[PDB]
Amino acid sequence: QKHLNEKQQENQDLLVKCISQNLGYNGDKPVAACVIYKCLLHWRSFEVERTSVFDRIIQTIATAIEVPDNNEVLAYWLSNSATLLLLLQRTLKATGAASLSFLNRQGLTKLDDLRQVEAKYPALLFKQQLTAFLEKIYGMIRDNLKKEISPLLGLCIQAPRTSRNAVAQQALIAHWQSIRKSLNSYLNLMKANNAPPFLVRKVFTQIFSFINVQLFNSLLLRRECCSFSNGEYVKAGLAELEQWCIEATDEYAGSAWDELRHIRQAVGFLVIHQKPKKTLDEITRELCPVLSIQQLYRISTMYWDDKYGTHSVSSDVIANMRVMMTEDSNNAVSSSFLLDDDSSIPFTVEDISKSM
């Protein structure tokens, strides 16, 4: 008789209520992912041809993250989704086209050495749906951080206009420190939720990409930002962000510092002494090897200085830049001018599993 459909709904209703609560962590392992996995392994839910269990897990995570100020619940479900997908990745064998007081017997995060099960269609859809939610959650954490440091960069770029004394300049240096605090908040929130360092390395690398774009684009498009004094101010800012990368360490920072290679080199140009004495070859290969000719030309021709009264690169250097741009223009070769950030998903479930 169909008294199994009532016991199965009761069991699913139970799991939903457990994973709706904060189950926190045991050792450095997310508990909800381990509780979910074991129930599905116990019930053999990976081997059933039809079931609601997977849908209800997805609905629970979906209902949890889609609330206002979702940073804590997002960091939580990032760490859990990553661990659950890692287990699913090493468990579910592909089939078809692609070719609650039983948990008291042992520790929740201590799991019997993973054994492969030939997953049925509900289970293969779940891995795909859970993958999509990891990417969505990752995206929301990153984009939430972008939205928080966007207004601070907004004030960093307005520093020339804000300076219509040393106190006023130091008040604008504080904005770089405000960004460093926001970076550390999200770092500590993901460390508290034992987010796999690999995934955290991606977030900050993609965020420093965003910073590099916002600052470098303002040099190209804002005359007032293309000055010696603004070169000094930004160089001060880069020292704050470099310090954050050292404190965070390469384990959590990744190559976030190397994502600023454009703005670093551009600022390196703006502050260099005796620009008129420099050759085009020095500028393009010793100072700004990552910058395009079209970028250098804009910076070189828009450069001004009402502080030290220093001049730009020589007219002979600006002449050699203009010919190179018509050379490239004649070949219909699209050259880099404005930068764009990395808003892509920079990982696959295999990459996540390959590490840790």
# chains A, B, ... in the order shown; residues from 1 in each chain; ligands from 1
>>> residues_around(residues="range 345-351 of chain A", least_positions_apart="5", cutoff="10 Å", atoms="only C-alpha atoms", output="tab-separated table (two decimals) with N, CA, C and O atoms, in the first residue's frame")
chain	number	residue	atom	x	y	z
A	82	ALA	N	29.29	23.77	-1.51
A	82	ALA	CA	30.63	23.35	-1.98
A	82	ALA	C	30.94	21.94	-1.47
A	82	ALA	O	31.36	21.10	-2.29
A	85	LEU	N	28.37	19.27	-2.98
A	85	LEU	CA	28.72	19.04	-4.41
A	85	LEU	C	29.99	18.20	-4.51
A	85	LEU	O	30.05	17.34	-5.41
A	86	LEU	N	30.96	18.43	-3.62
A	86	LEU	CA	32.23	17.66	-3.54
A	86	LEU	C	31.90	16.18	-3.30
A	86	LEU	O	32.49	15.32	-3.99
A	88	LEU	N	28.82	14.67	-3.84
A	88	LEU	CA	28.03	14.28	-5.04
A	88	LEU	C	28.97	14.00	-6.22
A	88	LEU	O	28.74	13.01	-6.93
A	89	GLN	N	30.00	14.85	-6.41
A	89	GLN	CA	30.98	14.75	-7.52
A	89	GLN	C	31.74	13.42	-7.44
A	89	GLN	O	32.02	12.85	-8.51
A	90	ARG	N	32.05	12.94	-6.23
A	90	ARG	CA	32.86	11.73	-5.98
A	90	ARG	C	31.96	10.50	-5.78
A	90	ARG	O	32.52	9.40	-5.61
A	127	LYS	N	22.35	17.56	-8.72
A	127	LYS	CA	23.78	17.96	-8.81
A	127	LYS	C	23.89	19.21	-9.71
A	127	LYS	O	24.60	20.15	-9.33
A	128	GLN	N	23.18	19.20	-10.84
A	128	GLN	CA	23.13	20.31	-11.83
A	128	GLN	C	22.46	21.54	-11.18
A	128	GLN	O	23.01	22.64	-11.33
A	131	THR	N	24.77	22.84	-8.30
A	131	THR	CA	25.88	23.53	-9.00
A	131	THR	C	25.45	24.96	-9.34
A	131	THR	O	26.18	25.90	-8.98
A	134	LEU	N	25.27	27.12	-6.20
A	134	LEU	CA	26.64	27.48	-5.74
A	134	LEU	C	27.13	28.70	-6.53
A	134	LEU	O	27.67	29.63	-5.91
A	135	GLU	N	26.96	28.68	-7.85
A	135	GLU	CA	27.38	29.77	-8.78
A	135	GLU	C	26.58	31.04	-8.45
A	135	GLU	O	27.20	32.12	-8.41
A	136	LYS	N	25.27	30.91	-8.20
A	136	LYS	CA	24.37	32.03	-7.84
A	136	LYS	C	24.81	32.64	-6.50
A	136	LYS	O	24.91	33.88	-6.41
A	138	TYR	N	27.81	32.26	-4.81
A	138	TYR	CA	29.15	32.84	-5.08
A	138	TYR	C	28.99	34.23	-5.71
A	138	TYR	O	29.64	35.19	-5.25
A	139	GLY	N	28.16	34.32	-6.75
A	139	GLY	CA	27.88	35.56	-7.50
A	139	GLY	C	27.30	36.65	-6.61
A	139	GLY	O	27.70	37.81	-6.80
A	198	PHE	N	40.10	28.16	-1.81
A	198	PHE	CA	40.07	28.20	-3.29
A	198	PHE	C	38.95	29.13	-3.77
A	198	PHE	O	39.22	30.01	-4.62
A	199	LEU	N	37.73	28.95	-3.26
A	199	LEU	CA	36.54	29.77	-3.64
A	199	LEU	C	36.73	31.22	-3.18
A	199	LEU	O	36.27	32.12	-3.90
A	202	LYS	N	39.11	33.16	-5.49
A	202	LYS	CA	38.38	33.60	-6.71
A	202	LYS	C	37.68	34.93	-6.43
A	202	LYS	O	37.93	35.89	-7.18
A	203	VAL	N	36.86	34.98	-5.37
A	203	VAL	CA	36.00	36.16	-5.03
A	203	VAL	C	36.86	37.42	-5.04
A	203	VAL	O	36.52	38.36	-5.79
A	205	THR	N	40.03	37.99	-6.05
A	205	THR	CA	40.70	38.17	-7.36
A	205	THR	C	39.74	38.87	-8.33
A	205	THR	O	40.17	39.82	-9.00
A	206	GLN	N	38.47	38.43	-8.37
A	206	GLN	CA	37.41	39.03	-9.22
A	206	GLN	C	37.05	40.44	-8.71
A	206	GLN	O	36.67	41.28	-9.54
A	356	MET	N	41.45	20.70	-1.99
A	356	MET	CA	40.87	20.23	-0.70
A	356	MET	C	40.50	18.75	-0.82
A	356	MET	O	41.32	17.90	-1.18
>>> closest_atom_pairs(of="range 244-279 of chain A", to="range 167-186 of chain A", cutoff="10 Å", atoms="only C-alpha atoms", output="tab-separated table")
residue	atom	partner	partner_atom	distance
A:244	CA	A:180	CA	6.5
A:245	CA	A:180	CA	9.7
A:247	CA	A:184	CA	9.6
A:248	CA	A:184	CA	8.1
>>> write_last_selection(atoms="N, CA, C and O atoms", output="short mmCIF file (atom, residue, chain, number, x, y, z; two decimals), in the first residue's frame")
data_model
loop_
_atom_site.label_atom_id
_atom_site.label_comp_id
_atom_site.auth_asym_id
_atom_site.auth_seq_id
_atom_site.Cartn_x
_atom_site.Cartn_y
_atom_site.Cartn_z
N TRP A 244 46.62 44.67 2.74
CA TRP A 244 45.48 43.73 2.91
C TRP A 244 45.82 42.37 2.30
O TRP A 244 45.47 41.35 2.92
N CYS A 245 46.44 42.35 1.11
CA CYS A 245 46.82 41.12 0.37
C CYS A 245 47.87 40.34 1.16
O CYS A 245 47.83 39.09 1.13
N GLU A 247 48.38 40.60 4.62
CA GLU A 247 47.68 40.19 5.87
C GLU A 247 46.79 38.98 5.59
O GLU A 247 46.87 38.00 6.34
N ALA A 248 45.97 39.06 4.53
CA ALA A 248 45.05 37.99 4.07
C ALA A 248 45.85 36.74 3.70
O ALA A 248 45.34 35.63 3.94
#
>>> atom_distance(atom1="CA of residue 222 in chain A", atom2="CA of residue 262 in chain A")
16.3 Å
>>> residues_around(residues="residue 97 in chain A", least_positions_apart="4", cutoff="12 Å", atoms="only C-alpha atoms", output="VMD selection string")
chain A and resid 120 to 121 124
>>> select_by_dssp(residues="range 141-345 of chain A", states="alpha helix (DSSP H)", output="NGL selection string")
:A and (141-157 or 159-162 or 166-192 or 197-221 or 228-248 or 250-253 or 261-270 or 280-282 or 293-302 or 315-330)
>>> residues_around(residues="residue 312 in chain A", least_positions_apart="5", cutoff="9 Å", atoms="only C-alpha atoms", output="CSV table (one decimal) with C-alpha atoms, in the first residue's frame")
chain,number,residue,atom,x,y,z
A,270,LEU,CA,51.7,59.6,-13.4
A,274,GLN,CA,61.3,63.9,-15.8
A,275,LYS,CA,58.7,62.5,-18.3
A,276,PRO,CA,60.1,64.6,-21.2
A,300,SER,CA,50.0,61.2,-21.9
A,301,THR,CA,47.9,63.8,-23.8
A,302,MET,CA,45.4,64.5,-20.9
A,303,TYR,CA,48.2,64.7,-18.2
A,304,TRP,CA,48.4,68.0,-16.2
>>> residues_around(residues="residue 219 in chain A", least_positions_apart="4", cutoff="9 Å", atoms="only C-alpha atoms", output="VMD selection string")
chain A and resid 215 223 to 227 263 266 to 267 298 to 299 302
>>> select_by_dssp(residues="range 28-233 of chain A", states="strand (DSSP E or B)", output="JSON, numbers by chain")
{"A": [29, 30, 92, 93, 117, 118, 227]}
>>> write_last_selection(atoms="N, CA, C and O atoms", output="PDB file, in the first residue's frame")
ATOM      1  N   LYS A  29      34.157  21.375   8.992  1.00  0.00           N
ATOM      2  CA  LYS A  29      33.254  20.748   7.987  1.00  0.00           C
ATOM      3  C   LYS A  29      31.826  21.254   8.188  1.00  0.00           C
ATOM      4  O   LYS A  29      31.334  21.291   9.315  1.00  0.00           O
ATOM      5  N   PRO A  30      31.122  21.661   7.103  1.00  0.00           N
ATOM      6  CA  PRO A  30      29.728  22.102   7.189  1.00  0.00           C
ATOM      7  C   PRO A  30      28.821  20.913   7.545  1.00  0.00           C
ATOM      8  O   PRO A  30      28.939  19.873   6.918  1.00  0.00           O
ATOM      9  N   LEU A  92      28.042  10.155  -7.291  1.00  0.00           N
ATOM     10  CA  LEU A  92      27.066   9.904  -8.390  1.00  0.00           C
ATOM     11  C   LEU A  92      27.809   9.483  -9.665  1.00  0.00           C
ATOM     12  O   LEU A  92      28.594  10.297 -10.182  1.00  0.00           O
ATOM     13  N   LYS A  93      27.569   8.255 -10.137  1.00  0.00           N
ATOM     14  CA  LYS A  93      27.946   7.774 -11.496  1.00  0.00           C
ATOM     15  C   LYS A  93      26.812   8.134 -12.463  1.00  0.00           C
ATOM     16  O   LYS A  93      25.642   7.873 -12.119  1.00  0.00           O
ATOM     17  N   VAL A 117      27.592   5.343  -6.410  1.00  0.00           N
ATOM     18  CA  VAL A 117      26.208   4.846  -6.683  1.00  0.00           C
ATOM     19  C   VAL A 117      25.811   5.330  -8.083  1.00  0.00           C
ATOM     20  O   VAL A 117      26.082   6.506  -8.394  1.00  0.00           O
ATOM     21  N   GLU A 118      25.227   4.452  -8.905  1.00  0.00           N
ATOM     22  CA  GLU A 118      24.698   4.816 -10.247  1.00  0.00           C
ATOM     23  C   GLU A 118      23.437   5.661 -10.036  1.00  0.00           C
ATOM     24  O   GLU A 118      22.367   5.081  -9.773  1.00  0.00           O
ATOM     25  N   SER A 227      46.487  63.463 -13.247  1.00  0.00           N
ATOM     26  CA  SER A 227      47.431  64.468 -12.692  1.00  0.00           C
ATOM     27  C   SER A 227      48.502  63.767 -11.851  1.00  0.00           C
ATOM     28  O   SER A 227      48.332  62.573 -11.541  1.00  0.00           O
TER      29      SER A 227
END
>>> atom_distance(atom1="CA of residue 191 in chain A", atom2="CA of residue 133 in chain A")
20.2 Å
>>> closest_residue(among="A:190, A:288, A:339, A:145", to="residue 221 in chain A", atoms="only C-alpha atoms")
A:339
>>> residues_around(residues="residue 37 in chain A", least_positions_apart="6", cutoff="10 Å", atoms="only C-alpha atoms", output="list in words")
residues 31, 45, 46, 83, 84, 85, 87, 88 and 111 of chain A
>>> write_last_selection(atoms="C-alpha atoms", output="PDB file, in the first residue's frame")
ATOM      1  CA  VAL A  31      27.151  19.980   9.139  1.00  0.00           C
ATOM      2  CA  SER A  45      17.474   8.694  -2.738  1.00  0.00           C
ATOM      3  CA  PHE A  46      20.274   8.730  -5.411  1.00  0.00           C
ATOM      4  CA  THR A  83      31.003  20.377   0.479  1.00  0.00           C
ATOM      5  CA  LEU A  84      27.715  18.688  -0.685  1.00  0.00           C
ATOM      6  CA  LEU A  85      28.717  19.044  -4.414  1.00  0.00           C
ATOM      7  CA  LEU A  87      30.507  14.514  -2.059  1.00  0.00           C
ATOM      8  CA  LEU A  88      28.030  14.280  -5.040  1.00  0.00           C
ATOM      9  CA  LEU A 111      31.271   9.768   6.920  1.00  0.00           C
TER      10      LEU A 111
END
>>> residues_around(residues="residue 57 in chain A", least_positions_apart="3", cutoff="9 Å", atoms="only C-alpha atoms", output="PyMOL selection string")
chain A and resi 12+15-16+19+36+52-54+60-62
>>> write_last_selection(atoms="N, CA and C atoms", output="PDB file, in the first residue's frame")
ATOM      1  N   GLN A  12      11.110  13.859   4.693  1.00  0.00           N
ATOM      2  CA  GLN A  12      11.540  15.066   3.936  1.00  0.00           C
ATOM      3  C   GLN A  12      11.195  16.321   4.747  1.00  0.00           C
ATOM      4  N   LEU A  15      13.921  16.645   7.503  1.00  0.00           N
ATOM      5  CA  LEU A  15      15.238  17.123   6.997  1.00  0.00           C
ATOM      6  C   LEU A  15      15.167  18.633   6.748  1.00  0.00           C
ATOM      7  N   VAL A  16      14.103  19.101   6.083  1.00  0.00           N
ATOM      8  CA  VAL A  16      13.857  20.543   5.774  1.00  0.00           C
ATOM      9  C   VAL A  16      13.948  21.350   7.074  1.00  0.00           C
ATOM     10  N   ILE A  19      17.745  21.417   8.349  1.00  0.00           N
ATOM     11  CA  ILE A  19      18.658  22.226   7.482  1.00  0.00           C
ATOM     12  C   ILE A  19      18.141  23.669   7.370  1.00  0.00           C
ATOM     13  N   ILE A  36      22.511  16.141   5.107  1.00  0.00           N
ATOM     14  CA  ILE A  36      21.774  15.971   3.817  1.00  0.00           C
ATOM     15  C   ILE A  36      22.286  14.700   3.131  1.00  0.00           C
ATOM     16  N   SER A  52      10.742  13.892  -4.249  1.00  0.00           N
ATOM     17  CA  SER A  52      10.611  15.350  -3.982  1.00  0.00           C
ATOM     18  C   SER A  52      11.759  15.851  -3.095  1.00  0.00           C
ATOM     19  N   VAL A  53      12.552  14.941  -2.515  1.00  0.00           N
ATOM     20  CA  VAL A  53      13.600  15.268  -1.500  1.00  0.00           C
ATOM     21  C   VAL A  53      14.544  16.336  -2.067  1.00  0.00           C
ATOM     22  N   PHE A  54      15.012  16.157  -3.305  1.00  0.00           N
ATOM     23  CA  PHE A  54      16.012  17.037  -3.965  1.00  0.00           C
ATOM     24  C   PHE A  54      15.413  18.433  -4.171  1.00  0.00           C
ATOM     25  N   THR A  60      14.612  25.025  -0.022  1.00  0.00           N
ATOM     26  CA  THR A  60      15.077  25.455   1.325  1.00  0.00           C
ATOM     27  C   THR A  60      16.227  26.458   1.163  1.00  0.00           C
ATOM     28  N   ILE A  61      17.266  26.088   0.406  1.00  0.00           N
ATOM     29  CA  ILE A  61      18.461  26.946   0.140  1.00  0.00           C
ATOM     30  C   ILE A  61      17.990  28.224  -0.565  1.00  0.00           C
ATOM     31  N   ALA A  62      17.124  28.084  -1.573  1.00  0.00           N
ATOM     32  CA  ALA A  62      16.558  29.201  -2.367  1.00  0.00           C
ATOM     33  C   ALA A  62      15.828  30.183  -1.441  1.00  0.00           C
TER      34      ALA A  62
END
>>> decode(residues="range 86-97 of chain A", atoms="N, CA, C and O atoms", output="PDB file, in the first residue's frame")
ATOM      1  N   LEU A  86      30.963  18.431  -3.621  1.00  0.00           N
ATOM      2  CA  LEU A  86      32.233  17.657  -3.537  1.00  0.00           C
ATOM      3  C   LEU A  86      31.901  16.176  -3.303  1.00  0.00           C
ATOM      4  O   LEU A  86      32.492  15.324  -3.994  1.00  0.00           O
ATOM      5  N   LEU A  87      30.965  15.890  -2.391  1.00  0.00           N
ATOM      6  CA  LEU A  87      30.507  14.514  -2.059  1.00  0.00           C
ATOM      7  C   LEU A  87      29.775  13.924  -3.272  1.00  0.00           C
ATOM      8  O   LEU A  87      30.122  12.793  -3.670  1.00  0.00           O
ATOM      9  N   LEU A  88      28.817  14.669  -3.836  1.00  0.00           N
ATOM     10  CA  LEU A  88      28.030  14.280  -5.040  1.00  0.00           C
ATOM     11  C   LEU A  88      28.975  14.001  -6.218  1.00  0.00           C
ATOM     12  O   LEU A  88      28.736  13.011  -6.932  1.00  0.00           O
ATOM     13  N   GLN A  89      29.995  14.846  -6.409  1.00  0.00           N
ATOM     14  CA  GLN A  89      30.983  14.749  -7.521  1.00  0.00           C
ATOM     15  C   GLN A  89      31.736  13.416  -7.441  1.00  0.00           C
ATOM     16  O   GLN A  89      32.022  12.847  -8.509  1.00  0.00           O
ATOM     17  N   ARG A  90      32.045  12.945  -6.228  1.00  0.00           N
ATOM     18  CA  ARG A  90      32.863  11.727  -5.976  1.00  0.00           C
ATOM     19  C   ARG A  90      31.964  10.497  -5.777  1.00  0.00           C
ATOM     20  O   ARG A  90      32.524   9.397  -5.606  1.00  0.00           O
ATOM     21  N   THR A  91      30.636  10.664  -5.809  1.00  0.00           N
ATOM     22  CA  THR A  91      29.636   9.602  -5.500  1.00  0.00           C
ATOM     23  C   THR A  91      28.848   9.226  -6.764  1.00  0.00           C
ATOM     24  O   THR A  91      28.994   8.078  -7.224  1.00  0.00           O
ATOM     25  N   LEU A  92      28.042  10.155  -7.291  1.00  0.00           N
ATOM     26  CA  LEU A  92      27.066   9.904  -8.390  1.00  0.00           C
ATOM     27  C   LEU A  92      27.809   9.483  -9.665  1.00  0.00           C
ATOM     28  O   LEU A  92      28.594  10.297 -10.182  1.00  0.00           O
ATOM     29  N   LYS A  93      27.569   8.255 -10.137  1.00  0.00           N
ATOM     30  CA  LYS A  93      27.946   7.774 -11.496  1.00  0.00           C
ATOM     31  C   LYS A  93      26.812   8.134 -12.463  1.00  0.00           C
ATOM     32  O   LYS A  93      25.642   7.873 -12.119  1.00  0.00           O
ATOM     33  N   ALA A  94      27.147   8.707 -13.624  1.00  0.00           N
ATOM     34  CA  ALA A  94      26.185   9.182 -14.649  1.00  0.00           C
ATOM     35  C   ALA A  94      25.508   7.982 -15.323  1.00  0.00           C
ATOM     36  O   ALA A  94      26.193   6.965 -15.553  1.00  0.00           O
ATOM     37  N   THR A  95      24.211   8.112 -15.624  1.00  0.00           N
ATOM     38  CA  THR A  95      23.370   7.082 -16.293  1.00  0.00           C
ATOM     39  C   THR A  95      22.544   7.741 -17.404  1.00  0.00           C
ATOM     40  O   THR A  95      22.354   8.973 -17.352  1.00  0.00           O
ATOM     41  N   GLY A  96      22.078   6.938 -18.365  1.00  0.00           N
ATOM     42  CA  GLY A  96      21.241   7.384 -19.494  1.00  0.00           C
ATOM     43  C   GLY A  96      22.035   8.210 -20.491  1.00  0.00           C
ATOM     44  O   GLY A  96      23.134   7.765 -20.883  1.00  0.00           O
ATOM     45  N   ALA A  97      21.501   9.376 -20.871  1.00  0.00           N
ATOM     46  CA  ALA A  97      22.051  10.282 -21.906  1.00  0.00           C
ATOM     47  C   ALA A  97      23.549  10.517 -21.670  1.00  0.00           C
ATOM     48  O   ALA A  97      24.322  10.359 -22.631  1.00  0.00           O
TER      49      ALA A  97
END
